[PDB]
Amino acid sequence: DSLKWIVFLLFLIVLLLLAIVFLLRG
Amino acid sequence: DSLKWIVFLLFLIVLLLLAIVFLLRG
Amino acid sequence: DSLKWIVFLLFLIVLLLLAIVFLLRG
Amino acid sequence: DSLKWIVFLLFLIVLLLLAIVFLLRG
Amino acid sequence: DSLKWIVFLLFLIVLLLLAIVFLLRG
Ligand SMILES: CCCCCCCCOCCOCCOCCOCCO
Ligand SMILES: CCCCCCCCOCCOCCOCCOCCO
Ligand SMILES: CCCCCCCCOCCOCCOCCOCCO
Ligand SMILES: CCCCCCCCOCCOCCOCCOCCO
């Protein structure tokens with residue numbers, strides 16, 4: 001359903017922001 | 001409906017975060 | 001109602017990420 | 001109310017991205 | 001609850017953007 005896609009995309013956004021945090025720290 | 005818009009905008013946010021990750025890395 | 005604010009704020013987030021992409025690319 | 005909390009956190013995300021945009025301009 | 005997961009992930013996204021703001025300042 002729609003809510004499952006919303007949770008999935010928010011989880012990808014968390015993973016991408018994690019990458020950005022690590023790239024900035026480096 | 002609103003949920004279709006929400007999913008679409010979250011997907012655009014994923015794409016823009018991917019672009020940022022790629023710009024940071026390069 | 002909440003759903004209309006949610007769509008509006010996601011849309012501002014899209015615009016703000018576009019601005020970040022633009023600044024990084026410069 | 002979960003929906004109201006969602007509006008609030010999206011609003012903080014807008015604020016934080018505006019802060020980032022400002023820091024990136026200087 | 002799906003809404004609870006959404007609130008949780010949005011909170012993580014806030015914390016990650018706070019981390020990014022702090023890294024940009026120093
Ligand atoms: C509206 C259909 C879905 C398209 C999403 C784009 C939304 C763009 O918003 C335009 C900016 O509107 C300016 C003023 O907005 C008032 C805030 O609306 C909050 C709800 O009461
Ligand atoms: C390089 C600078 C780019 C500036 C991006 C600004 C995006 C808009 O966010 C401003 C938020 O503060 C105002 C609240 O939103 C106003 C509603 O009108 C938005 C027009 O669509
Ligand atoms: C606008 C900044 C003021 C700071 C207070 C928090 C505002 C965040 O949301 C502002 C938009 O209005 C929120 C509406 O959504 C929840 C309120 O519910 C009202 C009755 O259901
Ligand atoms: C920099 C972010 C906050 C700066 C001023 C905050 C002052 C707190 O009061 C805000 C009151 O505003 C009420 C709701 O904001 C506008 C949304 O309502 C318009 C249509 O619903």
# chains A, B, ... in the order shown; residues from 1 in each chain; ligands from 1
$ closest_atom_pairs --of "chain D" --to "ligand 3" --cutoff "12 Å" --atoms "only C-alpha atoms and all ligand atoms" --output "Markdown table"
| residue | atom | partner | partner_atom_place_in_ligand_line | distance |
| --- | --- | --- | --- | --- |
| D:1 | CA | ligand 3 | 16 (C) | 8.9 |
| D:2 | CA | ligand 3 | 16 (C) | 9.8 |
| D:3 | CA | ligand 3 | 16 (C) | 7.5 |
| D:4 | CA | ligand 3 | 16 (C) | 4.5 |
| D:5 | CA | ligand 3 | 16 (C) | 7.6 |
| D:6 | CA | ligand 3 | 15 (O) | 8.5 |
| D:7 | CA | ligand 3 | 15 (O) | 5.7 |
| D:8 | CA | ligand 3 | 8 (C) | 4.6 |
| D:9 | CA | ligand 3 | 8 (C) | 8.0 |
| D:10 | CA | ligand 3 | 8 (C) | 8.3 |
| D:11 | CA | ligand 3 | 8 (C) | 5.7 |
| D:12 | CA | ligand 3 | 8 (C) | 8.0 |
| D:13 | CA | ligand 3 | 8 (C) | 10.8 |
| D:14 | CA | ligand 3 | 8 (C) | 10.5 |
| D:15 | CA | ligand 3 | 2 (C) | 9.9 |
$ closest_atom_pairs --of "chain D" --to "ligand 2" --cutoff "10 Å" --atoms "only C-alpha atoms and all ligand atoms" --output "Markdown table"
| residue | atom | partner | partner_atom_place_in_ligand_line | distance |
| --- | --- | --- | --- | --- |
| D:14 | CA | ligand 2 | 11 (C) | 7.4 |
| D:15 | CA | ligand 2 | 11 (C) | 8.0 |
| D:17 | CA | ligand 2 | 9 (O) | 9.3 |
| D:18 | CA | ligand 2 | 11 (C) | 7.2 |
| D:21 | CA | ligand 2 | 1 (C) | 6.8 |
| D:22 | CA | ligand 2 | 2 (C) | 8.2 |
| D:24 | CA | ligand 2 | 1 (C) | 9.2 |
| D:25 | CA | ligand 2 | 1 (C) | 7.7 |
$ atom_distance --atom1 "atom CA of residue 26 of chain D" --atom2 "atom CA of residue 23 of chain B"
18.8 Å
$ atom_distance --atom1 "atom CA of residue 19 of chain A" --atom2 "atom CA of residue 19 of chain B"
12.0 Å
$ atom_distance --atom1 "atom 13 (C, counted along the ligand's line) of ligand 4" --atom2 "atom CA of residue 16 of chain D"
18.4 Å
